Amino acid sequence: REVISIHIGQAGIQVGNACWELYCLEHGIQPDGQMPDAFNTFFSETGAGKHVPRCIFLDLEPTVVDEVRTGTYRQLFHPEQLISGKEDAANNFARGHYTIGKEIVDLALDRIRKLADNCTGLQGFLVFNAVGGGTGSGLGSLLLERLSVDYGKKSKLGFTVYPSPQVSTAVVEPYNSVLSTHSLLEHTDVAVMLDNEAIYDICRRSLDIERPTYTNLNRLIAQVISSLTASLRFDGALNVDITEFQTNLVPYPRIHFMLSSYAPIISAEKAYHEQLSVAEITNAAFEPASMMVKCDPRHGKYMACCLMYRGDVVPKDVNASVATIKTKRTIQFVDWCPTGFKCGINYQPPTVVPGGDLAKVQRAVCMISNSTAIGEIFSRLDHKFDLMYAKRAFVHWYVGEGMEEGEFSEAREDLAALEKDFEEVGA
Amino acid sequence: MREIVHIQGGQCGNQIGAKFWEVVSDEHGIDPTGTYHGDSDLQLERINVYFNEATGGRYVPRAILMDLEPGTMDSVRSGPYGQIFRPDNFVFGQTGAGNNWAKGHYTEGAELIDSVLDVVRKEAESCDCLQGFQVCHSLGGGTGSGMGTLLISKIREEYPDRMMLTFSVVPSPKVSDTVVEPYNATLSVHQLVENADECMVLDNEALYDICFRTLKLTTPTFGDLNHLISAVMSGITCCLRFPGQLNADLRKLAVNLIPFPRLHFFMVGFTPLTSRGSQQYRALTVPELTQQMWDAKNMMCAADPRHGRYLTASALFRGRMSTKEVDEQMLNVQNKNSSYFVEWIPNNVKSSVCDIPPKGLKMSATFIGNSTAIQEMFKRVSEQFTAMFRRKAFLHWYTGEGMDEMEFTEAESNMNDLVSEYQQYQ
Amino acid sequence: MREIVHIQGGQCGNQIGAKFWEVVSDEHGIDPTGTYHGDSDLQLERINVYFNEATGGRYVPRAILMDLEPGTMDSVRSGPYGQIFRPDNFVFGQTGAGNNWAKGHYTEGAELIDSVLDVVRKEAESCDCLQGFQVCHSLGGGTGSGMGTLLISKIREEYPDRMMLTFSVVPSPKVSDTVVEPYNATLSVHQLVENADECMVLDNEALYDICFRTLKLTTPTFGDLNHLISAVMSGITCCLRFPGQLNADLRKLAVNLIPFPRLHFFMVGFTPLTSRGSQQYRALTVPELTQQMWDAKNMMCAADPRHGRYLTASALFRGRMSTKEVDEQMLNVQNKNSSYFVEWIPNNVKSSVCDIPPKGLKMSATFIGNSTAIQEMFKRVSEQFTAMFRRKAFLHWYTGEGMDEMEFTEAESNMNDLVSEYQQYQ
Amino acid sequence: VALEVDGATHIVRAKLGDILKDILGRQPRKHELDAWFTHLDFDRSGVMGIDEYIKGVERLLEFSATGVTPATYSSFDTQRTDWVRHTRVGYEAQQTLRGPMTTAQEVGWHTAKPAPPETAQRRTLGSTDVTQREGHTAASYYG
Amino acid sequence: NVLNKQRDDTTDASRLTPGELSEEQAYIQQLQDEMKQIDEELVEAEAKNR
Amino acid sequence: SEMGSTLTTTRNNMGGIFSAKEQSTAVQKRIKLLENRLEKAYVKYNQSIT
Ligand SMILES: Nc1nc2c(ncn2[C@@H]2O[C@H](COP(=O)(O)OP(=O)(O)OP(=O)(O)O)[C@@H](O)[C@H]2O)c(=O)[nH]1
Ligand SMILES: Nc1nc2c(ncn2[C@@H]2O[C@H](COP(=O)(O)OP(=O)(O)O)[C@@H](O)[C@H]2O)c(=O)[nH]1
Ligand SMILES: Nc1nc2c(ncn2[C@@H]2O[C@H](COP(=O)(O)OP(=O)(O)O)[C@@H](O)[C@H]2O)c(=O)[nH]1
Ligand SMILES: [Mg+2]
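Below you can see the structure in the form of structure tokens.
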């Protein structure tokens, strides 16, 4: 059972720079590449005493890629696997989807092909991107499209990074977001939203780091990814593979946009003091003060929920805790399902990274649910897309790259149709 | 002589069977390396019912593991009594169904079931006189329920004269693991009602409740639950393996428990189950065992037996006991709880005695009651299925695979007339 | 054959019962580990009355502990002879009553008493022929008096044909520990006259004066008083556990002492009670026992019997004695003090002899007198009830729970007509 | 022999002042007597044990020998971020200062010194198996 | 912003309020009626025994 | 101010946060107790009939 991970864009490979740091410390692999079978799902063992990850970093600008080539992990990543274009897409969907993708996507796909043929029991793909930028959105959609053509039936876990409502760094990200979704609908099977503002709030409230950089954000994102693949890597009391989210969390072929959350995010001094058990983290994983996407699920009604558990946890009390959640009335479920959960228990506790702000914790929870608050997020972005497109702002950049207004109009109405779908299913 | 083959489907089936072969091997005195090291000659006389001779005192179990992910198989080979299974019996796929009944019944079954049918056909032809087959699996999972279900159908059309036992756990809403529990349980039940000879309905809910109340444990891991279920399976099958003053084989119990061909869903109970603190403060009498047997809190299903009437019930006693005390105790229970028994059948109680107790005890008993309270559980599941199917939730991961809608409607109809006829006979 | 279930309620009941089980186990020769260590076979044929054999020489008491605070249960389990109780018999709440009779009768009873009832029902049917129940509790506290009161009511309406003893300490103005002592005592007495078969009144004041003069103790901790009470209870039931020349069972004492179904409150005494410094200067003969027995400073209630008249009285003797000397002694003490006895009843004294003295003594006795002087203690309580009730002090912590004022008026009315008929029959 | 303890290793705890005076040979000053008293124990039991007296004396020797500065921060901002992170001052005021500066330091000033072994048993209400699991409870009745 | 916070809190407090459980009340009612029926049946059977 | 007033009124009407769960558990406990009493009554009655 193997799964390969591709990283697209500036944010993607920085997330990878934290993910692979976490995986190597988990499986006891030094950055030089050799240990001093659980690893077999991520690192293929070439020759003698050398494991090389099942990943491709790719970008259009060579700055962050060769920062990796010259960083500490020079020996770990295959020299060919890192892929770098010559010039950036520059926050331009059309440029990164029709002008430069036409040069880079063939080399990328003809590389993942030989990575898959190296693989034997491929579970699926998982992609890392942010849709606010140009490279991640444009050729991310192009790469996903041709992957769906090449394999199709295999699952694709998309861990995207959407722009926050109020805290934001770009200007044309509404155009890029809308245009990226329009293909993220019918290409991704399972798509997980990660917003930066909610992670800033978590690091401010729980981790009490008043000045967080991108390193800390990517650190606990890697914690989330590692927590939902730990079932594949290590055996537990009740394990769950990558195909189960496909069934257990997606009630309709176009409703797949999962909130994520994690608990306990606890610093070094708050562990040796709080008494940790399963009931309180099962609670704490459900407050909006600990979600990874700034939205209010109090407004929404849950469709399904998945609970990953790591560490010292028995099936009894996790069952009792989920019973308490089901019987509480401050949150409500949809009538379209009475059975709204899927547990999962793995034995190995979450590892700690040197310099990381989290502590050695006995047990932790990764919640992945699906609700209608995401339908509220899309409308919130749709509003500020209309605001800028009503005045035809910034359109000349995309038309100059070679596109038209037809795809703007049809992406706009596609998001409206999706809005109809959530308000319909929420009924 | 009489023979019982073992088939384990799904992750729950594998671990349950692991504990089952541990406890049976212990009962016959064979060490975890597979050699006999026991004392009494009585154990050697009836090991062909569950074993085959390999080489130099090596006995292999007549068991076929079946799954779709190697994590189960590794967990089986890791623990003790894991190096006694024949590696050829480790028939095992590669992809994984992922809680999808259609994936476990139409796509992956088409390529795994020829292989499992080949190995079970080899194991059945290798022995002389089959008594029946014995399948342990779940009704919530995909690779367990669906694949085992098709296997049951293929086996029944092939060998229609041999008995069949199915130990199947049923999901409860209070202990709710996966989301498509009703979509899988309804379909599997729809096939079991026409294929299996009888079923032993289980759930983790009653097991957790029993460990809370009677055992008073702190951390009830899956090991103890599977240890309980294994104790039940050793109790139901003890009559063949050991001579007693009154024997009752599988067909004997079936004809004494099933009055109508569709009325073959049982609930089970096991005794004595006492805490270690109160283990020495008590005695071991037949009334002490009987009160723990007929307690409503000791059933291994989430169906209150006082909400209905028993159609029939059976008790399998193990240990040197007095048949007169056994019979008068059954008479006392049938008199005192006279409303909980059906009227148009007198003497609703079957009993049997074996002269070898399970190891570690003085005297034990296994209860198998065919009540009418199971209709509560089926309503409890069917209402969920109708709630989802009314609005077509989760439907397309099944429809887009080859199943169609009338299969779900048929499973509803079969659930509906089954609960109707249970209500009728109540 | 004849069986006694023992029930301990509240803090006073638990500590007294704990010392009581020590005394009984010593009399029957069972070591604190629960095994037999006696020498005479006379202790062997009459342990079914108080114990149940578990597994090869392990005898567990037939007792039920009942309270609301874990402090008392741990003080029970910490002390010697504290590990012999069956841990299933420790039915036990968590929040605490707190001297609130309403909390002991309406709030916490509603969730604890069904459970204690199931435990006592199982223990009652564990034995074949019930003789009666034996309940030790207080009358001032909440968790002891109120809850034990409800338990008596439930038992009396479940098993109406069996006897029932209750030993209850009563409040006094000098030793006045609880402030709502009258509010608890009046309601408990009001229920005990309608449910209990007979009650044996105790109090700490009389026990204090006894260990002052007779025992000459300097620091009489509670262990010694409970040791006296325990010696009394064992003296009561000596006749069922041992053979004698004149056996007097529980029902035999009741029918001899209760002339009218509301006159069943006895005052109790014990003898010999001589100091360690004076045991050498005394004699051991029945007149020496008797002339200490009838002494008013030996009674265990705060009611001077020479302030009223005796209705009936009873003596239970233990040891090798002469029955002629017993009867002529009772005859002389009734003829000499003729005015203090009632006139319209000849032969006001029931006597009995048993052939086994307690360990440490050669000859002992127990005095149970049904005197009319107890109406002074009841007036002493009822006047305090009316004093607080005139201006509704402390009333709302009962009122605001569900109990109404009419219960208090009923309770006071019954106490008043009860002392009226004591006075009337005097 | 009335205390029924081997007395050869025991001094009467009231002799601590005179022992300090004989150790110094000169006189004890206020800052010397303060340190002596705060590092040894003088409050709970009149009897003394040599090993307890040694355990205290070791800490006293260290305290006299070395000094940790109480100024562990030279930058208010860094100190403040530690305060918001709830990371606490590593050093101990008892080791750092001679006497307490404020009343709360005076409140907690004596906790450090090693306690004398309790000369008697302690009565503590401790939970038991019957209370913990075996004993019947309302929660058990309801499941 | 503060108005939105207070509005959310109001709707939460509205969600928390009740304790109706009507189907459980009906189950309780039928159980009590069955208990009454069985009690009168019990006293009748005792009369028949006499 | 209007939302504050309505918030205070709803907070006064909800009677506390643990109130709903206390009520639900009380109903469940009553159900269990009634069912047990009913079973005991059936036992008594069948003893009478035998
Ligand atoms: N969570 C997180 N988000 C990041 C990180 N780095 C960049 N982003 C997000 O990326 C978005 C912009 O896209 P970038 O990743 O910076 O660049 P790009 O996606 O490659 O697009 P181009 O700049 O045109 O190449 C911003 O909205 C950021 O929020 C990161 O390290 N962590
Ligand atoms: N008693 C017991 N039940 C289990 C165990 N593992 C899983 N289950 C139950 O099995 C159900 C899910 O079955 P699953 O493992 O997904 O079956 P499969 O995927 O088809 O192999 C859950 O409701 C669990 O309660 C176990 O080790 N012991
Ligand atoms: N003889 C004796 N009397 C006791 C003991 N403990 C309490 N009492 C008496 O009980 C009365 C109060 O009863 P209480 O302990 O409050 O009963 P409860 O709290 O309901 O269990 C006081 O007047 C005490 O004199 C004991 O250990 N021995
Ligand atoms: Mg970029």
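Chains as they are written, first to last, in the UniProt record's numbering: chain A, 2 to 37, 47 to 437; chain B, 1 to 426; chain C, 1 to 426; chain D, 51 to 193; chain E, 151 to 200; chain F, 102 to 151. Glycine is no exception: its CB is placed at the ideal position from the N, C-alpha and C atoms.
Report task. May I ask which residues mark the beginning and end of the alpha helix (DSSP H) holding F408/C? Result -> As a first step, residue 408/C must be located in the third sequence, where it is residue number 408. It spans 405-425 - the alpha helix (DSSP H) in which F408/C sits, taken as one unbroken run.
Query raised in the report: Leaving out five residues before and five after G244/B in sequence, what residues of the same chain have Cβ atoms less than 6 Å from its Cβ?
Result: Your numbering for residue 244/B matches position 244 in the second sequence. Contacts found: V353, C354, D355.
Query raised in the report: Can you tell me where the alpha helix (DSSP H) with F385/C in it begins and where it stops?
Result: Counted from its first residue, the third sequence places residue 385/C at position 385. Start and end: 374-390.
Query raised in the report: Quick one: what does DSSP say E108/B is sitting in, helix, strand or coil?
Result: Working through the second sequence from its first residue, we reach residue 108/B at position 108. Correct three-state label for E108/B: coil.
Query raised in the report: Does the distance from the CB of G67/D to the CB of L90/D come in under 7 Å?
Result: Stepping through the fourth sequence from its first residue, residue 67/D is reached at position 17. Stepping through the fourth sequence from its first residue, residue 90/D is reached at position 40. The answer is no: Cβ separation not under 7 Å.
Requested in this report: Please state whether DSSP places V332/A in a helix, a strand or coil.
Outcome: As a working note, residue 332/A is residue 322 in the first sequence. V332/A falls in the helix class under three-state DSSP.
Requested in this report: Going by CA-CA distance only, name the one from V60/C, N100/C, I345/C that's closest to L187/C.
Outcome: Along the third sequence, read from residue 1 onward, the residue named residue 187/C stands at position 187. Per the Cα distances, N100/C.
Query raised in the report: Any heavy atom of ligand 1 closer than 6 Å to the Cβ of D76/A?
Result: For this step, residue 76/A is matched to residue 66 along the first sequence. No.
Requested in this report: Give every residue of the same chain whose Cβ lies closer than 7 Å to the Cβ of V286/B, excluding the five residues on either side of it in the sequence, and list them in chain order.
Outcome: For this step, residue 286/B is matched to residue 286 along the second sequence. Hits under 7 Å: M321, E325, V326, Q329.
Query raised in the report: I355/A and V332/A: beta carbons closer than 7 Å?
Result: Position 345 of the first sequence, counted from the first residue, corresponds to residue 355/A. Position 322 of the first sequence, counted from the first residue, corresponds to residue 332/A. Contact: no.
Query - Cβ-heavy atom distance, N204/B to ligand 2, below 6 Å - result: By 1-based counting over the second sequence, the position of residue 204/B is 204. Yes; taking the cut-off as 6 Å, the Cβ of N204/B has a heavy atom of ligand 2 nearer than that.
**Report entry** Contacting residues, own chain, Cβ-Cβ under 6 Å from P32/B (five flanking each side not counted)
**Finding:** Locating residue 32/B in the second sequence gives position 32, counting from the first residue. The residues are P80, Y81.
Query raised in the report: Exposed or buried, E343/C, counting other C-beta atoms within 10 Å across all chains shown (16 or more means buried)?
Result: In the third sequence, the residue the question calls residue 343/C occupies position 343. Counting Cβ neighbours within 10 Å, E343/C comes out exposed, since fewer than 16 surround it.
Query raised in the report: Of all residues in the structure, which have a C-beta closer than 5 Å to any heavy atom of ligand 4, taken in chain order?
Result: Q11/A, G143/A, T145/A
Requested in this report: Measure the beta-carbon distance from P87/C to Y59/B and round it to whole angstroms, keeping in mind my assumption that it falls under 8 Å.
Outcome: As a first step, residue 87/C is located in the third sequence; it is residue number 87 there, counting from the start. As a first step, residue 59/B is located in the second sequence; it is residue number 59 there, counting from the start. Contact flag wrong, Cβ pair sits at about 42 Å.
Report task. Kindly indicate which residue of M388/B, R391/B, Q375/B, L112/B has the alpha-carbon position closest to the one of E421/B. Result -> Reading the second sequence from its first residue, position 421 is the one you call residue 421/B. Comparing Cα-Cα distances from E421/B to each of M388/B, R391/B, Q375/B, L112/B, the minimum goes to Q375/B.
Query - Per-residue burial, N113/F [other beta carbons within 10 Å of its own, 16 or more giving buried] - result: Along the sixth sequence, one-based indexing puts residue 113/F at 12. Classification for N113/F: exposed.
Requested in this report: Put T161/E into one of helix, strand or coil per three-state DSSP.
Outcome: Taking the first residue of the fifth sequence as 1, we reach residue 161/E at position 11. Helix at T161/E.
Requested in this report: Anything in chain C within Cβ reach of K130/F, meaning under 7 Å, just list it in chain order.
Outcome: The residue given as residue 130/F occupies position 29 in the sixth sequence. Result: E111.
Query raised in the report: Does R86/C have its Cβ less than 7 Å from a Cβ in chain B?
Result: On the third sequence, residue 86/C is found 86 positions in, with the first residue counted as 1. Closer than 7 Å to some Cβ of chain B, the Cβ of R86/C qualifies, so yes.
Query - Where the beta strand (DSSP E) through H160/D begins and ends - result: Locating residue 160/D in the fourth sequence gives position 110, counting from the first residue. Counting along the chain, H160/D falls outside any beta strand (DSSP E), and DSSP gives it neither H nor E.
Query raised in the report: Opposite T366/C in the DSSP bridges: which residues?
Result: Here residue 366/C refers to the residue found at position 366 of the third sequence. In DSSP, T366/C forms a bridge with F270/C, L316/C.
Query - Inter-residue Cα distance where the pair is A387/C and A393/C - result: Taking the first residue of the third sequence as position 1, residue 387/C is located at position 387. Taking the first residue of the third sequence as position 1, residue 393/C is located at position 393. Near 9 Å, if we compare the C-alpha coordinates of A393/C and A387/C.
Requested in this report: Assign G308/B to buried or exposed, taking buried as 16 or more other Cβ atoms, counted over all protein chains shown, within 10 Å of its Cβ.
Outcome: Within the second sequence, numbered from 1, the residue matching residue 308/B stands at position 308. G308/B should be labelled buried.
Report task. May I ask whether a heavy atom of ligand 1 can be found less than 6 Å away from the beta carbon of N206/A? Result -> If you number the first sequence from 1, residue 206/A lands on position 196. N206/A: yes, Cβ under 6 Å from ligand 1.
Query raised in the report: Looking at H197/A and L154/A, is the spacing between their C-beta atoms short of 7 Å?
Result: Numbered from 1 along the first sequence, position 144 holds the residue referred to as residue 154/A. Numbered from 1 along the first sequence, position 187 holds the residue referred to as residue 197/A. Yes; because the gap between Cβ atoms is below 7 Å, this pair is in contact.
Report task. Report yes or no: is there a C-beta of chain I within less than 7 Å of the C-beta of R339/A? Result -> In the displayed structure, chain I is absent; the protein chains listed are A, B, C, D, E and F.
Query raised in the report: By a C-beta neighbour count over all protein chains shown, 10 Å radius and 16 as the cutoff for buried, is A58/D buried or exposed?
Result: As a working note, residue 58/D is residue 8 in the fourth sequence. Counting Cβ neighbours within 10 Å, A58/D comes out exposed, since fewer than 16 surround it.
Requested in this report: Taking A314/A as part of the beta strand (DSSP E), name the residues at either end of that continuous run.
Outcome: Translated into positions along the first sequence, residue 314/A becomes position 304. First-last of the beta strand (DSSP E) with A314/A: 314-321.
Query - Those residues which DSSP pairs with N204/C across a bridge - result: Working through the third sequence from its first residue, we reach residue 204/C at position 204. Beta-bridge pairing links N204/C to no other residue.
Query raised in the report: Does the segment 70-80 of chain D touch the segment 105-120 of chain D, meaning 3 or more C-beta pairs lie closer than 8 Å?
Result: no
Report task. Closer than 6 Å by C-beta to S115/C: which residues in its own chain qualify, once you throw out the five before and the five after it? Chain order, please. Result -> On the third sequence, position 115 is the one that residue 115/C refers to. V91.
Query raised in the report: Smallest Cα separation from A248/B: which of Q191/B, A315/B, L44/B, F265/B?
Result: By one-based count along the second sequence, residue 248/B stands at place 248. Cα-wise, what sits closest to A248/B is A315/B.
Report task. With a floor of 3 residues, list each beta strand (DSSP E) that falls wholly inside the segment 62-123 of chain A, ordered by position along the chain. Result -> 65-69
Requested in this report: Could you check the C-alpha separation between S149/F and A163/E for me, to the nearest Å?
Outcome: Position 48 of the sixth sequence, counting from 1, holds the residue named residue 149/F. Position 13 of the fifth sequence, counting from 1, holds the residue named residue 163/E. For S149/F and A163/E, the distance between alpha carbons rounds to 53 Å.
Query raised in the report: Straight-line CA distance for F266/B to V201/B?
Result: Residue mapping note: residue 266/B aligns to position 266 of the second sequence, counting from 1. Residue mapping note: residue 201/B aligns to position 201 of the second sequence, counting from 1. Approximately 6 Å, taken between the alpha carbons.
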